[PDB]
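**Student:** Sequence below, structure please.
(4 chains)
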Amino acid sequence: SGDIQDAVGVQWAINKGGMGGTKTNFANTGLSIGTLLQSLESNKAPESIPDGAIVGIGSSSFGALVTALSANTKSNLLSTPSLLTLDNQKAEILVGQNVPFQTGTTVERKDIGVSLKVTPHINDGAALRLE
Amino acid sequence: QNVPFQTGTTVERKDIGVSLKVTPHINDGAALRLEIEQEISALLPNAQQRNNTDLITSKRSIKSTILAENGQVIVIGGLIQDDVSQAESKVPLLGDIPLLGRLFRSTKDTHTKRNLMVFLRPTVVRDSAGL
Amino acid sequence: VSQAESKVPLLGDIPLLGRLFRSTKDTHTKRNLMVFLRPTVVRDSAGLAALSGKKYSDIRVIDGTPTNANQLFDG
Amino acid sequence: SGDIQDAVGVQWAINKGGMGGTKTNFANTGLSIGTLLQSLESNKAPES
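**Tutor:** Residues are numbered from 1 along each chain as shown, chains lettered A, B, ... in the order given. Right below this line is the structure:
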């Protein structure tokens, strides 16, 4: 398995005069300019809620926030159960936990983990059948 | 141990620990038949959810039917589970440079092996001398 | 493969400063999966002994990798 | 059985001027720079 994100955004906070402020709020990647001007009041009392690799170039009102992240996860699983059996004999291997689950509260036990159930049928020679 | 488990509260008793249930079928000579139901349970204090005892009631549970020879150490079952996983998180321009790439990224690696064999050994005694 | 954008509709289009206005989010994802099977027919105890000896040596070598020297049994 | 983790991360907190602060928050391995600048206020009262 594998996946790769790539999140990157430039935000502009030119509050040059007037009621308003020509801020380019992009509520896409984590932080935003609206919560940044509320984060001014966070820097007053609480100083709360960061997200992402942030870079803030500002003259403290004339702002520009660049937010970026790049997750990159890989994974590689392998499993090899193996058992001996006769024909027409339901073998089984079960490895790993046994958990409850609600059917209401009227819970019930149920097995979780690697598992295998073979049933062969064996000719006198080649070409076995497996279920 | 012997533990309770909820079936609702309408709890019930249930056995936890190493266990073995054999049923043979014996020819006058070699090549005995065995109906094995072997298991190894456990009980888990670590990973507890918002619910009851996460009873590992099977950790191995091989319920097979084999046909063995009276002095032969044989193999009934197995599991070979290999794993390797790795996540990263970096600034997308600076982690790539293979001179300072350690100084920006954040890695998490996880390798995991579980090897497991279940062997069996039958010995036929019919006179009291061998017993 | 998935990719979302969010831009000012006039300024993100210009392929010189288009990075300085948009906001992108890309997501690539692969999952490869195979399930293989291997049957071996044994009908005499000789081949069963051979399989048992191979698996027992292959677990002895895992014992061969404190964590002091592990033990054989009455084979 | 056996397993081995390996977790390692470098975090940069260059707050050179301006509203903001060019901190590289990686919420991957335990602590982070955001909870470190809140840990300044922890070092004030709780130290948690």
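
**Student:** Would you mind listing the residues in contact with residue A:69?
**Tutor:** Under the criterion of CB atoms under 8 Å, 6 or more residues apart in numbering or on different chains, the neighbours of residue A:69 are A:5, A:7-8, A:29-30, A:52-53, B:89, B:92. (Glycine included, C-beta is placed from N, CA and C.)

**Student:** which SSE is it in?
**Tutor:** strand A:63-83 (DSSP states H and E).

**Student:** What strands line up against that strand, and which way round?
**Tutor:** According to DSSP bridges, strand A:63-83 forms sheet pairs with strand A:2-14 (antiparallel), strand A:53-58 (antiparallel), strand B:74-90 (antiparallel).

**Student:** Toward the C-terminus, what is the element adjacent to it?
**Tutor:** Under the assignment DSSP H and E, the closest C-terminal helix or strand after strand A:63-83 is strand A:93-95.

**Student:** sorry, back to before: could I get the strands paired with strand A:63-83 as TSV with distance to residue C:1 and mean neighbour count?
**Tutor:** Below are the strands paired with strand A:63-83 laid out as TSV (distance: least, CB to CB, whole Å; neighbours: other CB atoms under 10 Å in any protein chain shown):
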stretch	distance to residue C:1	mean neighbour count
strand A:2-14	10	19
strand A:53-58	23	20
strand B:74-90	19	20
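
**Student:** would you turn these into JSON lines with distance to residue B:33?
**Tutor:** Converted to JSON lines, those look like this (distance: least, CB to CB, whole Å):
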{"stretch": "strand A:2-14", "distance to residue B:33": "47"}
{"stretch": "strand A:53-58", "distance to residue B:33": "65"}
{"stretch": "strand B:74-90", "distance to residue B:33": "13"}
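
**Student:** Now do the same contact list for the closest residue to residue B:20 other than its chain neighbours.
**Tutor:** Using CB to CB, 6 or more residues apart in numbering or on different chains and skipping residues adjacent in sequence, the residue nearest residue B:20 is residue B:38, 5.1 Å away. By CB under 8 Å, 6+ apart, the contact list for residue B:38 reads B:19-21, B:60-63, B:76, B:118.

**Student:** now swap in residue B:75 and tell me
**Tutor:** Going by CB under 8 Å, 6+ apart, residue B:75 touches A:84, B:117-120, C:51-52, C:55-56.

**Student:** Inside helices: which ones of the residues you listed?
**Tutor:** Among those, the members found in helices (DSSP state H) are C:51-52, C:55-56.

**Student:** quick one: contacts for the nearest residue to residue A:51 once chain neighbours are set aside?
**Tutor:** Leaving aside its sequence neighbours, residue A:51 sits nearest to residue A:30 (CB to CB, 6+ apart; 3.1 Å). Residues in contact with residue A:30, defined by CB under 8 Å, 6+ apart, are A:50-52, A:54, A:67, A:69.

**Student:** Run through the helices of chain C in chain order.
**Tutor:** Counting by DSSP H, the helices of chain C are C:45-63.

**Student:** Show the backbone phi and psi for residue A:37.
**Tutor:** When read as degrees, to the nearest 10, the backbone of residue A:37 gives phi -70, psi -20.

**Student:** ok, the residue of chain B found nearest chain D to residue A:51 distance?
**Tutor:** Chain B approaches chain D most closely through residue B:106 (3.3 Å), counting by CB to the nearest CB. For residue B:106, the distance to residue A:51 equals 15 Å [CB to CB, to the nearest Å].

**Student:** same check, this time on residue C:7
**Tutor:** For residue C:7 relative to residue A:51 (CB to CB), the value is 20 Å.

**Student:** between those two, who's got more neighbours?
**Tutor:** Neighbours per residue, other CB atoms under 10 Å in any protein chain shown: of residue C:7 and residue A:51, the larger number sits with residue C:7, 18 against 15.

**Student:** so who does the more buried one touch?
**Tutor:** Neighbouring residues of residue C:7 by CB under 8 Å, 6+ apart: C:13, C:18, C:21-23.

**Student:** Which one of those residues is nearest to residue C:66?
**Tutor:** Residue C:66 lies nearest to residue C:23 out of the contacts of residue C:7, by CB to CB, at 54.8 Å.

**Student:** Now do the same contact list for the residue nearest to that closest one when sequence neighbours are not counted.
**Tutor:** Closest residue in space to residue C:23, ignoring its immediate chain neighbours: residue A:9 at 3.3 Å, by CB to CB, 6+ apart. By CB under 8 Å, 6+ apart, the residues touching residue A:9 are A:26, A:28-29, A:66-68, C:6, C:22-24.
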